[PDB]
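> I am attaching a structure below and will ask some questions about it afterwards.
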Amino acid sequence: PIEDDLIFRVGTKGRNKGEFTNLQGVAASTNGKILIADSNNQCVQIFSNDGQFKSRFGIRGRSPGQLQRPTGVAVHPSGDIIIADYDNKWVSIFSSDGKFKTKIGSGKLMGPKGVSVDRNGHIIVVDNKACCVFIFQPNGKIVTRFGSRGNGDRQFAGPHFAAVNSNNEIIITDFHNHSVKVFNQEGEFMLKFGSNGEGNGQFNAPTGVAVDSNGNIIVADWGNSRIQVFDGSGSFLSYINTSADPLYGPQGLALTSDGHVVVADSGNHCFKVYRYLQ
């Protein structure tokens with residue numbers, strides 16, 4: 001299979017600029033940037049939407065303003081960069097140039113992964129290890145928390161990533177329950193979708209997620225390494241065609257300001273950018 005929906009790929013294994021060890025979170029900004037968090041290189045790298053390297057920041061360590069196992073990444077409308085740290089157990093807010101401003105969740109989080117910003121400016125934090133989701137004020141006060149460890153609708157099993165749709169509904173990938181779950185802005189369960197398998201519309205261990213302007217939910221899965229698109233009611237629509245250069249254990253996923261889908265192809269030490277809107 002010679003061609004698919006891939007536009008370009010960036011990255012090889014390593015610790016230098018444009019190289020990766022463990023791609024995790026992916027974010028994309030309204031200023032036309034792609035941001036990649038690397039949990040094992042302890043850095044965030046910023047690229048243009050066309051894949052050109054722009055900048056890198058991240059100081060290894062366990063103190064405030066350092067990164068130890070950075071996972072989720074989001075960009076605030078302000079341009080600040082929000083980074084979850086699984087090992088430091090807090091979420092940092094950096095400037096667009098990587099200056100540490102504040103951290104939230106310290107003493108509250110067990111092991112965060114996904115981070116997002118809701119339509120009201122709340123910071124949504126997926127606590128992968130605690131199997132719950134927090135909604136924080138920017139000052140670090142908890143608005144609400146939802147979920148606990150388990151297999152049921154209102155539980156999570158290693159939740160990974162988050163997205164927020166135009167109705168301020170929160171979308172969570174529930175990795176070890178093989179489903180995507182949608183909540184209202186109060187954190188109350190609305191619906192789940194997905195099934196564990198290899199056939200059409202099925203997946204295994206959903207990871208990266210995004211939601212488009214029409215409410216369609218774009219989901220990467222770690223176990224089959226595909227990207228599947230669902231409508232906002234959770235019904236399968238289509239694949240993003242990755243067959244010419246397959247994924248291997250994808251992590252974070254984002255929609256870019258130029259209408260593409262970017263995915264962390266972590267097992268192949270690269271990010272891949274796909275046609276989506278055109």
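Residue numbering restarts at 1 for every chain of the structure tokens, chains are lettered A, B, ... in their displayed order, and ligands are numbered from 1 as they appear.
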Please produce, as JSON lines, a per-residue contact table for region 113-132 of chain A versus region 34-44 of chain A (criterion: any atom at most 12 Å away, only C-alpha atoms considered), showing the nearest atom pair and its distance in Å to one decimal, sorted by chain then residue number.


{"residue": "A:113", "atom": "CA", "partner": "A:39", "partner_atom": "CA", "distance": 10.4}
{"residue": "A:114", "atom": "CA", "partner": "A:37", "partner_atom": "CA", "distance": 11.1}
{"residue": "A:115", "atom": "CA", "partner": "A:37", "partner_atom": "CA", "distance": 11.8}

> Ranking A:126, A:205, A:270, A:93 by minimum distance to residue 12 (chain A) and counting only C-alpha atoms, which one comes first?

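Between A:126, A:205, A:270, A:93, the residue approaching residue 12 (chain A) most closely is A:270.
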
> Would you please work out which residue, of A:170, A:23, A:104, A:117, is nearest to residue 191 (chain A) when using only C-alpha atoms?

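Nearest candidate to residue 191 (chain A) out of A:170, A:23, A:104, A:117: A:170.
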
> Let me make sure I understand: among A:169, A:50, A:19, A:87, which one has the smallest atom-to-atom distance to residue 269 (chain A) if we use only C-alpha atoms?

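Closest candidate: A:19.
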
> Determine which residues of region 147-237 of chain A DSSP labels as strand (DSSP E or B) from the backbone of this structure, then write them out as an MDAnalysis selection string.

chainID A and resid 149 156 159:164 170:174 179:183 189:193 196 203 206:211 217:221 227:230 236:237

> Residues near residue 193 (chain A), anyone? I mean within 7 Å using only C-alpha atoms, not counting same-chain ones fewer than 3 positions away, as a PyMOL selection string.

chain A and resi 179-181+234

> Compile the contact shell of residue 9 (chain A) as a list in words: residues with an atom at most 9 Å away, counting only C-alpha atoms, same-chain residues fewer than 2 positions apart removed.

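After dropping sequence-adjacent residues, the list is residues 6, 7, 11, 51, 270, 271, 272 and 273 of chain A.
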
> Got time to write the residues from that selection, N, CA, C and O atoms, as a PDB file, in the first residue's frame?


ATOM      1  N   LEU A   6      -1.236  10.131   5.243  1.00  0.00           N
ATOM      2  CA  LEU A   6      -0.056  10.769   5.864  1.00  0.00           C
ATOM      3  C   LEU A   6       0.423  11.927   5.007  1.00  0.00           C
ATOM      4  O   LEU A   6       0.605  11.752   3.759  1.00  0.00           O
ATOM      5  N   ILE A   7       0.611  13.077   5.608  1.00  0.00           N
ATOM      6  CA  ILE A   7       1.280  14.237   4.941  1.00  0.00           C
ATOM      7  C   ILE A   7       2.764  14.116   5.179  1.00  0.00           C
ATOM      8  O   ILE A   7       3.550  14.221   4.223  1.00  0.00           O
ATOM      9  N   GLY A  11      10.799  12.876  13.245  1.00  0.00           N
ATOM     10  CA  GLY A  11      11.430  12.319  14.419  1.00  0.00           C
ATOM     11  C   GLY A  11      12.152  11.033  14.198  1.00  0.00           C
ATOM     12  O   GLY A  11      11.721  10.174  13.397  1.00  0.00           O
ATOM     13  N   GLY A  51       5.858  20.958  10.366  1.00  0.00           N
ATOM     14  CA  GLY A  51       6.855  19.989  10.898  1.00  0.00           C
ATOM     15  C   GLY A  51       8.224  20.583  11.185  1.00  0.00           C
ATOM     16  O   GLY A  51       9.052  19.857  11.720  1.00  0.00           O
ATOM     17  N   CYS A 270       8.359   8.978  16.402  1.00  0.00           N
ATOM     18  CA  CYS A 270       8.037  10.095  15.536  1.00  0.00           C
ATOM     19  C   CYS A 270       6.635  10.589  15.817  1.00  0.00           C
ATOM     20  O   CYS A 270       5.863   9.882  16.442  1.00  0.00           O
ATOM     21  N   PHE A 271       6.342  11.782  15.330  1.00  0.00           N
ATOM     22  CA  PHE A 271       4.953  12.226  15.180  1.00  0.00           C
ATOM     23  C   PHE A 271       4.607  12.220  13.717  1.00  0.00           C
ATOM     24  O   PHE A 271       5.472  12.398  12.858  1.00  0.00           O
ATOM     25  N   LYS A 272       3.333  11.965  13.435  1.00  0.00           N
ATOM     26  CA  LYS A 272       2.792  11.841  12.079  1.00  0.00           C
ATOM     27  C   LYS A 272       1.634  12.807  11.932  1.00  0.00           C
ATOM     28  O   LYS A 272       0.794  12.898  12.851  1.00  0.00           O
ATOM     29  N   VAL A 273       1.564  13.481  10.804  1.00  0.00           N
ATOM     30  CA  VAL A 273       0.534  14.500  10.518  1.00  0.00           C
ATOM     31  C   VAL A 273      -0.276  14.036   9.299  1.00  0.00           C
ATOM     32  O   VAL A 273       0.317  13.736   8.254  1.00  0.00           O
TER      33      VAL A 273
END

> Could you give me, as number ranges by chain, the residues within 10 Å of residue 186 (chain A), counting only C-alpha atoms and dropping anything in the same chain fewer than 5 positions from it?

A: 135, 143-146, 168-170

> Any idea what's packed within 10 Å of region 84-86 of chain A, counting only C-alpha atoms, ignoring anything in its chain fewer than 6 positions away? Could you give it as a PyMOL selection string?

chain A and resi 25+37+39+42+62+66-74+92-93+103-105+109-115+125-129

> Under the rule that only C-alpha atoms are counted, which of A:61, A:121, A:77, A:197 is the nearest residue to residue 137 (chain A)?

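Closest to residue 137 (chain A) of all the choices is A:121.
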
> Rank A:150, A:55, A:242, A:231 by their smallest atom-to-atom distance to residue 213 (chain A), using only C-alpha atoms, and report the top residue only.

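Closest candidate: A:231.
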
> Which of these, A:164, A:171, A:247, A:219, has the shortest distance to residue 120 (chain A) once you count only C-alpha atoms?

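For residue 120 (chain A), the nearest of the candidates is A:164.
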
> Between CA of residue 235 (chain A) and CA of residue 154 (chain A), what is the distance in Å, rounded to a tenth?

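Answer for the CA of residue 235 (chain A) to CA of residue 154 (chain A) separation: 20.2 Å.
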
> Per DSSP on the backbone, what are the helix (DSSP H, G or I) residues of region 148-276 of chain A, as a ChimeraX atom specification?

/A:175-177,266-268

> Find the residues around residue 254 (chain A) up to 9 Å (only C-alpha atoms counted), leave out those fewer than 6 positions away in its own chain, and share them as a PDB file with N, CA, C and O atoms, in the first residue's frame.


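Result went into out.pdb, see below:
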ATOM      1  N   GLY A  25       2.090  13.142  25.306  1.00  0.00           N
ATOM      2  CA  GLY A  25       1.092  14.117  24.906  1.00  0.00           C
ATOM      3  C   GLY A  25       1.468  14.867  23.651  1.00  0.00           C
ATOM      4  O   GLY A  25       2.626  15.173  23.396  1.00  0.00           O
ATOM      5  N   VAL A  26       0.427  15.247  22.912  1.00  0.00           N
ATOM      6  CA  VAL A  26       0.511  16.078  21.699  1.00  0.00           C
ATOM      7  C   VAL A  26      -0.509  17.187  21.836  1.00  0.00           C
ATOM      8  O   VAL A  26      -1.694  16.895  22.135  1.00  0.00           O
ATOM      9  N   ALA A  27      -0.130  18.405  21.566  1.00  0.00           N
ATOM     10  CA  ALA A  27      -1.054  19.529  21.513  1.00  0.00           C
ATOM     11  C   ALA A  27      -0.807  20.323  20.251  1.00  0.00           C
ATOM     12  O   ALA A  27       0.249  20.192  19.636  1.00  0.00           O
ATOM     13  N   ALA A  28      -1.771  21.106  19.862  1.00  0.00           N
ATOM     14  CA  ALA A  28      -1.658  21.974  18.690  1.00  0.00           C
ATOM     15  C   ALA A  28      -2.304  23.310  19.009  1.00  0.00           C
ATOM     16  O   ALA A  28      -3.364  23.307  19.634  1.00  0.00           O
ATOM     17  N   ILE A  34       2.759  22.743  16.820  1.00  0.00           N
ATOM     18  CA  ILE A  34       2.569  21.365  17.322  1.00  0.00           C
ATOM     19  C   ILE A  34       3.516  21.154  18.461  1.00  0.00           C
ATOM     20  O   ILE A  34       4.708  21.499  18.315  1.00  0.00           O
ATOM     21  N   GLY A 208      -4.838   8.678  22.567  1.00  0.00           N
ATOM     22  CA  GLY A 208      -4.997  10.072  22.156  1.00  0.00           C
ATOM     23  C   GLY A 208      -6.404  10.352  21.677  1.00  0.00           C
ATOM     24  O   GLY A 208      -7.036   9.504  21.058  1.00  0.00           O
ATOM     25  N   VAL A 209      -6.892  11.534  21.948  1.00  0.00           N
ATOM     26  CA  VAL A 209      -8.241  11.951  21.523  1.00  0.00           C
ATOM     27  C   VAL A 209      -8.299  13.422  21.180  1.00  0.00           C
ATOM     28  O   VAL A 209      -7.584  14.227  21.755  1.00  0.00           O
ATOM     29  N   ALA A 210      -9.140  13.746  20.230  1.00  0.00           N
ATOM     30  CA  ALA A 210      -9.484  15.139  19.851  1.00  0.00           C
ATOM     31  C   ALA A 210     -10.972  15.164  19.438  1.00  0.00           C
ATOM     32  O   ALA A 210     -11.530  14.096  19.136  1.00  0.00           O
ATOM     33  N   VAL A 211     -11.543  16.343  19.361  1.00  0.00           N
ATOM     34  CA  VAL A 211     -12.939  16.518  18.917  1.00  0.00           C
ATOM     35  C   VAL A 211     -12.996  17.713  17.979  1.00  0.00           C
ATOM     36  O   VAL A 211     -12.399  18.753  18.285  1.00  0.00           O
ATOM     37  N   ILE A 218     -12.068  11.857  17.470  1.00  0.00           N
ATOM     38  CA  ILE A 218     -10.945  11.208  16.780  1.00  0.00           C
ATOM     39  C   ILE A 218     -10.106  10.513  17.838  1.00  0.00           C
ATOM     40  O   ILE A 218      -9.667  11.179  18.781  1.00  0.00           O
ATOM     41  N   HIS A 260      -5.442  19.388  10.201  1.00  0.00           N
ATOM     42  CA  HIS A 260      -4.801  18.081  10.156  1.00  0.00           C
ATOM     43  C   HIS A 260      -4.930  17.395  11.513  1.00  0.00           C
ATOM     44  O   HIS A 260      -5.292  18.049  12.530  1.00  0.00           O
ATOM     45  N   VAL A 261      -4.700  16.092  11.520  1.00  0.00           N
ATOM     46  CA  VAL A 261      -4.604  15.328  12.781  1.00  0.00           C
ATOM     47  C   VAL A 261      -3.137  15.006  12.978  1.00  0.00           C
ATOM     48  O   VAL A 261      -2.519  14.404  12.060  1.00  0.00           O
ATOM     49  N   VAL A 262      -2.591  15.303  14.150  1.00  0.00           N
ATOM     50  CA  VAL A 262      -1.212  14.937  14.509  1.00  0.00           C
ATOM     51  C   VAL A 262      -1.268  13.891  15.604  1.00  0.00           C
ATOM     52  O   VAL A 262      -2.046  14.057  16.559  1.00  0.00           O
ATOM     53  N   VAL A 263      -0.473  12.846  15.466  1.00  0.00           N
ATOM     54  CA  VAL A 263      -0.411  11.754  16.452  1.00  0.00           C
ATOM     55  C   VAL A 263       1.008  11.470  16.857  1.00  0.00           C
ATOM     56  O   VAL A 263       1.934  11.543  16.036  1.00  0.00           O
TER      57      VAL A 263
END

> Which value, in Å to one decimal, gives the distance between CA of residue 96 (chain A) and CA of residue 14 (chain A)?

23.9 Å

> Expressed in Å to a single decimal, how great is the separation between CA of residue 24 (chain A) and CA of residue 89 (chain A)?

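Atom-to-atom, CA of residue 24 (chain A) and CA of residue 89 (chain A) are spaced 15.8 Å apart.
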